[PDB]
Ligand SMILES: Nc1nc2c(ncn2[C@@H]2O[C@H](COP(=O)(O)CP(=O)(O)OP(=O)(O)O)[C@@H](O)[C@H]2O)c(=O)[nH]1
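Consider the single chain below, provided in structure tokens and representing the form solved without the ligand.
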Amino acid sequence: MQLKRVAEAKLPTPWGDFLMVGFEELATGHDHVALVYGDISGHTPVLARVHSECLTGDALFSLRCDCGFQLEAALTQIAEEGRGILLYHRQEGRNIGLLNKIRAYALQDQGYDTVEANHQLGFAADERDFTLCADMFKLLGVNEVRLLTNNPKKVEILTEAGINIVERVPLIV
């Protein structure tokens, strides 16, 4: 357990009110957030999206990735379902950080691909720790998860990270 649940408040959006729950990394004070729509109590598996933060795509209208597009799509789909969770996993640039992400982007501007750029900068293709997501689900009292994603490989990755995924729900985009 790398996190603690510290506060919650209302987050009104165009799709309705989500309960915003803030989590804190015990060792660093770094934050993560979960947006909970409706009543997620009960034994029924809970619909959920794991969204890793991308400042450029999520906030700065970047056209070089689909993160912002996916964020809106997931929130919309969860609200439509009427019950669900979106985890905002704050590990920018597959966990290499924003500044290194800009360095990687500069190399990509020169013809390098994301894997090549990261390698030249001294990082693996993906350095994210998804067990932080398992922590958030556990702290929210969630067991079985219906994971929103169009990539079966992501189901494998998250299951390995300790998330009990019982179904893959295509992300409507």
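In this text, residue numbers run from 1 along the sequence as written.
Omitted from view is the form deposited with the ligand bound, to which the following refers.
- Shown alone, this chain has one stretch from 133-141, 100-108, 40-48, 27-35 that lies within 4.5 Å of the ligand in the entry with it bound by heavy atoms: 100-108.
- When the ligand is considered in the entry with it bound, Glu53 lines it closely, a heavy atom lying within 4.5 Å.
- Using a 4.5 angstroms threshold between heavy atoms, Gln91 counts as touching the ligand in the entry with it bound.
- Although the partner is absent here, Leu75 lies well away from the ligand in the entry with it bound, with no heavy atom inside 4.5 Å.
- When contacts are judged by a 4.5 Å heavy atom cut-off, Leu86 does not count as touching the ligand in the entry with it bound.
- Contact residues in stretch 1-25 (any heavy atom within 4.5 Å of the ligand, taken in the entry with it bound) are absent; none meets the cut-off.
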